[PDB]
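Here's the letter readout for the chains.
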4 protein chains.
Amino acid sequence: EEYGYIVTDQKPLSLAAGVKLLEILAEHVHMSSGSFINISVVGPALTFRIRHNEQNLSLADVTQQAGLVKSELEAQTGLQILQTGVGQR
Amino acid sequence: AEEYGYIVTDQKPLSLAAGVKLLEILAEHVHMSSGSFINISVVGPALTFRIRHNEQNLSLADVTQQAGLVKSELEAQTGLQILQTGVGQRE
Amino acid sequence: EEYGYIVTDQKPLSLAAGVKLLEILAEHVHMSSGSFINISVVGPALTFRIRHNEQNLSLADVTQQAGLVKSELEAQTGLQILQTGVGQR
Amino acid sequence: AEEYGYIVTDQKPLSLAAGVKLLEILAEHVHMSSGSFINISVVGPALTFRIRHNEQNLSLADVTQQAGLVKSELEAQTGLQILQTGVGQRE
Ligand SMILES: [Ca+2]
Ligand SMILES: [Ca+2]
Ligand SMILES: [Ca+2]
Ligand SMILES: [Ca+2]
Ligand SMILES: [Ca+2]
Ligand SMILES: [Ca+2]
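Residues numbered from 1 in each chain as written, not as in the entry; some residues may be left out. Chains lettered and ligands numbered in written order. Heavy atoms only, no water. Residues with missing side-chain atoms left out of burial classes, pairs and counts.

For this deposition, the record names X-ray crystallography as the technique by which the model was determined and cites 1.30 Å as its resolution.

*Asks:* A description of unusual backbone geometry should follow, citing residues and the corresponding values.
*Replies:* Look at the link from A:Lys11 to A:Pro12: it is a cis peptide, with omega at -5 degrees. Structurally, A:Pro12 can be placed in the loop between β1 (3–8) and α1 (15–29). In the segment running from D:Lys12 into D:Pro13, the intervening peptide bond is cis, with an omega of -5 degrees. Residue placement: D:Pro13 occurs in the loop between β1 (4–9) and α1 (16–30). The backbone of B:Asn39 shows a phi angle near 50 degrees, a positive value even though the residue is not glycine. Within the secondary structure, B:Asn39 sits in strand β2 (residues 37–43). Unlike most non-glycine residues, C:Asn38 shows phi in positive territory, near 55 degrees. Topologically, C:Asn38 is positioned in strand β2 (residues 36–42). (Helix = DSSP H or I, 4+ residues; strand = E, 2+ residues; numbered from the N terminus.)

*Asks:* Explain the pattern of salt bridges to me, using residue names and the numbers behind them.
*Replies:* According to the stated counting rule, one finds two salt bridges over all chains in the structure shown. In this structure, the salt-bridge partner of A:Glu2 is B:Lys71, at a minimum N-O distance of 3.7 Å. In this pair, A:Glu2 is assigned in the segment before β1 and B:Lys71 in helix α3 (residues 71–78), connecting two distinct chains. According to the relative accessible area criterion, B:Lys71 is buried, its value standing at 16%. (Salt bridge = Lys/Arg side-chain N within 4 Å of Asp/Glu carboxyl O. Buried < 20%, exposed > 50% of the residue type's maximum accessible area, 1.4 Å probe, protein only.)

*Asks:* Got a sec to walk through helix α2 (residues 59–68) of chain C? Specific residues and values, please.
*Replies:* All names here are of chain C. All of the buried residues in α2 are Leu 59, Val 62, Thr 63, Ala 66 and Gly 67. The arc that holds the buried residues of α2, viewed along the axis, is 145 degrees, so those residues lie on one side. As for α2, its buried residues are in contact with β1 (3–8), α1 (15–29), β2, β3 (45–50), α3 (70–77) and β4 (81–87). For α2, the capping residue at the N-terminal end is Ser 58, with a side-chain oxygen 3.2 Å from the backbone nitrogen of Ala 60. (Arc of directions from axis to C-beta. Contact = heavy atoms within 4.5 Å. Polar contact = N/O pair within 3.5 Å; in protein donor to acceptor, adjacent residues only side chain to side chain.)

*Asks:* Just give me the short version of the pairing of strand β3 (residues 46–51) of chain D, but keep the residues and values in it.
*Replies:* Regular strands place side chains that alternate from one sheet face to the opposite one. All names here are of chain D. Relative to β3, β1 is paired through four bridges, and the arrangement is antiparallel. By the bridge assignment, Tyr 6 is partnered in β3 with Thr 48. Of the strand pairs in this sheet, strand β2 (residues 37–43) and β3 are connected by five bridges, and their pairing is antiparallel. Along β3, the bridge assignment pairs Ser 41 with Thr 48. In textbook terms, the turn of a hairpin is the stretch between consecutive antiparallel strands, and for β2 and β3 this stretch comprises two residues, one of which, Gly 44, has a positive phi near 55 degrees. (Pairing = 2+ DSSP bridges.)

This is how it looks when you write it as structure tokens:
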């Protein structure tokens, strides 16, 4: 029951902005954003799981990639990314 | 500011001794000296750290991924629960 | 960007032993050891900074105290303390 | 062996003249005769010294603390960098 996390500077993080982060991330990792499932925004954090996918992208993979392209993610979504990781919710 | 790795626990607050024990276990797992974990702090429930240059070329992403793989061992050996692990960086 | 230093006879100083020194020191100065932050062991040396605290203990204060109780520190950590001070790292 | 004070510089090696200049500046700051700094040596980048009995009751802790307070003056007047200051004692 682990989830991927992207923690932002938002209070609160809007749901629309959270899934926009996922859209940009999905484009970058070459996966459909529909593969991000069980999505919730909780306080400043976006949380999600990941459906089975052809490239075998894990929660660790996508959260690592979110960290790598965070400036791209931010520029398009009007927020800052402070942490990315994996954990319970 | 540079990236840091972190582990959020269920401890209120996390003891310095327990935070370092997590790192000792993690170090032995990755076959790196625990002295290579640098700039360590415990703040509230969380442990934060960076990683020194090493021949293994282990990154913060590498170590936090590895912490996920050995999460049950980390918990069993320390008596605490790990709620989140990841990489952060201030704006 | 100054740090407190405790230089030991260790090669290398173990991280666990370094924070055990800090635990004993914290007990002696009546501060939480969690107030020792930015901790690194480098060769034989333990280095650290200090978070704001109620007694207004500085790096000079705690390194001076470490010198004063060094025999207590050593007896419990299986090492010798050779120097204490403040400096860059 | 008794405690000694020390100042580690960026000099490779530290000159005797520069080491003593640090002490002259430090002495004038603490309003003590620089002759009260005794058993002086420069070894590699470091200056080591002890302090003679004085009416002011100035200790090695006192003087090394004071060296921290006037670090920028010590550096500006000598042209070197101070990397560490402290008190040591052999085992
Ligand atoms: Ca993968
Ligand atoms: Ca940013
Ligand atoms: Ca658990
Ligand atoms: Ca004080
Ligand atoms: Ca001793
Ligand atoms: Ca300087």
